[PDB]
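So this first bit is one chain, no partners, the form deposited in one PDB entry, shown in structure tokens.
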């Protein structure tokens, strides 16, 4: 079959990196679920859509915790760590051709390095979920998995916002946490935002 791979949370300061792959025997059946315009859906509707996808397609999810992200980022960039996860998922699914989202606008390099690593056919593109149903589906699975984790974390540490440096709420909560000198484990320490916040 063919497969789509994508991720959720690459740019967050809080929470895990989630990478998912989706492989379907009936791509038309996948399209009927409306994966193409899944972006307008709510967290609840998207979660239901994720379940429908798992019912008709093989799915593989990989999660990297903040702790592990911090460990690996000493020797690698986040994008390379992503490529690592991508190849792992592609190797689980062993598809005929794998379509993957490219962090960089220019995809050629990632495609090469991935084909080199996997020894499989790989087509990468920036914002691939907006061009390939399989990728749109993989994107949905990753987001839902990420959100489930985020919600789990909020029950424990309170509402820290979305987890991205954008959210005013996230930055505010992030500042007090650092100030207290007792930062929750879900915060990515090797993240620029955090570094800068601590430096001052």
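Positions refer to the first chain, counted from 1.
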Q | Per the entry, higher mean C-alpha B factor between 166 to 174 and 64 to 72 | A | 166 to 174
Q: Give the stretch, out of 95 to 103 and 78 to 86, with the larger mean C-alpha temperature factor in the deposited entry.
A: 95 to 103
Q | Of the residues 52, 145, 151, 37, the one carrying the largest Cα B-factor as recorded | A | 37
Q.
Taking only the Cα B-factors deposited for this chain, tell me whether residue 188 sits in the lowest, middle or highest third.
A. lowest
Q: Grab the CA temperature factor for residue 159 from the record and place it in the lowest, middle or highest third of its chain.
A: middle
Q.
Ranking every modelled residue in this chain by its Cα temperature factor as given in the entry, which third contains residue 30?
A. highest
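Absent from the display: the form deposited in another entry. The rest refers to it.
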Q: Over in the other structure, so in the other entry, do residue 192 and residue 184 pull closer or drift farther apart at the C-alpha level? The difference is 3 angstroms or more.
A: closer
